[PDB]
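Student: Handing over query.tsv, TSV, N, CA, C and O atoms.
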chain	number	residue	atom	x	y	z
A	1	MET	N	182.91	-86.38	-112.62
A	1	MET	CA	182.54	-86.75	-111.26
A	1	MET	C	181.63	-87.98	-111.27
A	1	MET	O	180.79	-88.15	-110.40
A	2	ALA	N	181.81	-88.83	-112.27
A	2	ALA	CA	181.00	-90.04	-112.38
A	2	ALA	C	181.17	-90.90	-111.14
A	2	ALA	O	180.19	-91.34	-110.54
A	3	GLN	N	182.42	-91.13	-110.75
A	3	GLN	CA	182.70	-91.93	-109.57
A	3	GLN	C	182.18	-91.24	-108.32
A	3	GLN	O	181.42	-91.82	-107.54
A	4	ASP	N	182.60	-90.00	-108.14
A	4	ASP	CA	182.19	-89.21	-106.98
A	4	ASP	C	180.67	-89.11	-106.88
A	4	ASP	O	180.10	-89.27	-105.81
A	5	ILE	N	180.02	-88.83	-108.01
A	5	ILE	CA	178.57	-88.72	-108.02
A	5	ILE	C	177.94	-90.05	-107.62
A	5	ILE	O	177.02	-90.09	-106.81
A	6	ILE	N	178.47	-91.14	-108.17
A	6	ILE	CA	177.98	-92.46	-107.84
A	6	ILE	C	178.34	-92.80	-106.40
A	6	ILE	O	177.60	-93.49	-105.70
A	7	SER	N	179.50	-92.31	-105.96
A	7	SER	CA	179.96	-92.55	-104.60
A	7	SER	C	179.11	-91.76	-103.60
A	7	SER	O	178.86	-92.21	-102.48
A	8	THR	N	178.69	-90.56	-104.00
A	8	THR	CA	177.89	-89.69	-103.14
A	8	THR	C	176.56	-90.32	-102.75
A	8	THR	O	176.17	-90.30	-101.58
A	9	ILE	N	175.85	-90.88	-103.73
A	9	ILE	CA	174.55	-91.50	-103.45
A	9	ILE	C	174.71	-92.64	-102.46
A	9	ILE	O	174.01	-92.70	-101.45
A	10	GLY	N	175.63	-93.53	-102.75
A	10	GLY	CA	175.88	-94.66	-101.87
A	10	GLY	C	176.36	-94.18	-100.50
A	10	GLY	O	176.02	-94.76	-99.48
A	11	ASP	N	177.13	-93.10	-100.49
A	11	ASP	CA	177.60	-92.56	-99.24
A	11	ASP	C	176.40	-92.26	-98.36
A	11	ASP	O	176.36	-92.61	-97.19
A	12	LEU	N	175.40	-91.62	-98.97
A	12	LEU	CA	174.17	-91.28	-98.28
A	12	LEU	C	173.45	-92.54	-97.82
A	12	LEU	O	172.88	-92.57	-96.73
A	13	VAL	N	173.49	-93.59	-98.64
A	13	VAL	CA	172.83	-94.83	-98.26
A	13	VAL	C	173.44	-95.36	-96.97
A	13	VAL	O	172.73	-95.72	-96.04
A	14	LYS	N	174.77	-95.38	-96.92
A	14	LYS	CA	175.47	-95.85	-95.73
A	14	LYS	C	175.26	-94.88	-94.57
A	14	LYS	O	175.00	-95.30	-93.44
A	15	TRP	N	175.37	-93.59	-94.85
A	15	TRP	CA	175.19	-92.58	-93.84
A	15	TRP	C	173.81	-92.70	-93.20
A	15	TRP	O	173.64	-92.42	-92.01
A	16	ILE	N	172.83	-93.12	-93.99
A	16	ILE	CA	171.48	-93.28	-93.46
A	16	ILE	C	171.46	-94.36	-92.39
A	16	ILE	O	170.88	-94.18	-91.32
A	17	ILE	N	172.12	-95.47	-92.68
A	17	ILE	CA	172.19	-96.57	-91.72
A	17	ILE	C	172.93	-96.12	-90.48
A	17	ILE	O	172.52	-96.41	-89.35
A	18	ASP	N	174.02	-95.40	-90.69
A	18	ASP	CA	174.82	-94.90	-89.59
A	18	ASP	C	173.97	-94.00	-88.70
A	18	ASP	O	174.15	-93.96	-87.48
A	19	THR	N	173.04	-93.27	-89.32
A	19	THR	CA	172.17	-92.37	-88.57
A	19	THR	C	171.17	-93.15	-87.72
A	19	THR	O	170.98	-92.85	-86.54
A	20	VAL	N	170.54	-94.15	-88.32
A	20	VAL	CA	169.57	-94.96	-87.60
A	20	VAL	C	170.26	-95.72	-86.48
A	20	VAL	O	169.74	-95.81	-85.37
A	21	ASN	N	171.43	-96.27	-86.79
A	21	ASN	CA	172.19	-97.02	-85.81
A	21	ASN	C	172.54	-96.13	-84.62
A	21	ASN	O	172.47	-96.55	-83.47
A	22	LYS	N	172.92	-94.89	-84.91
A	22	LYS	CA	173.28	-93.94	-83.86
A	22	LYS	C	172.04	-93.28	-83.27
A	22	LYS	O	172.10	-92.67	-82.21
A	23	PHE	N	170.91	-93.40	-83.97
A	23	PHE	CA	169.67	-92.80	-83.50
A	23	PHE	C	169.27	-93.39	-82.15
A	23	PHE	O	168.88	-92.66	-81.23
A	24	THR	N	169.36	-94.71	-82.03
A	24	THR	CA	169.00	-95.40	-80.79
A	24	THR	C	170.25	-95.73	-79.99
A	24	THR	O	170.32	-96.75	-79.31
A	25	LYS	N	171.24	-94.86	-80.10
A	25	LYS	CA	172.50	-95.06	-79.39
A	25	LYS	C	172.27	-95.08	-77.88
A	25	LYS	O	172.80	-95.93	-77.17
A	26	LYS	N	171.47	-94.13	-77.40
A	26	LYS	CA	171.18	-94.05	-75.97
A	26	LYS	C	170.82	-95.42	-75.42
A	26	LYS	O	171.27	-95.73	-74.32
Rewrite the structure from the file as structure tokens, please.
Tutor:
Amino acid sequence: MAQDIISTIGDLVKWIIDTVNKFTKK
């Protein structure tokens, strides 16, 4: 799961931005 594990961390990095971006969606 080298790829997946490495993909998971970055996924979270992007997901974090997606969260902040959607945080001030209102």
Student: Return as AutoDock Vina command-line options the centre and edge lengths, in Å with one decimal, of the box along x, y and z that encloses every atom of stretch 10-14 of chain A in the file, padded by 4 Å per side.
Tutor:
--center_x 175.2 --center_y -93.6 --center_z -98.1 --size_x 12.9 --size_y 12.6 --size_z 17.3
Student: How far is it from atom N of residue A:24 to atom CA of residue A:8, in Å with one decimal?
Tutor: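 Atom-to-atom, atom N of residue A:24 to atom CA of residue A:8, that is 23.3 Å.
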Student: By how many Å are atom C of residue A:4 and atom CA of residue A:23 apart?
Tutor: 26.1 Å
Student: Between atom O of residue A:20 and atom N of residue A:7, what distance in Å does the model show, to one decimal?
Tutor: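 Distance reported for this atom pair: 23.1 Å.
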Student: Could you give me the residues within chain A that DSSP places in alpha helix (DSSP H), as a ChimeraX atom specification?
Tutor: /A:2-23
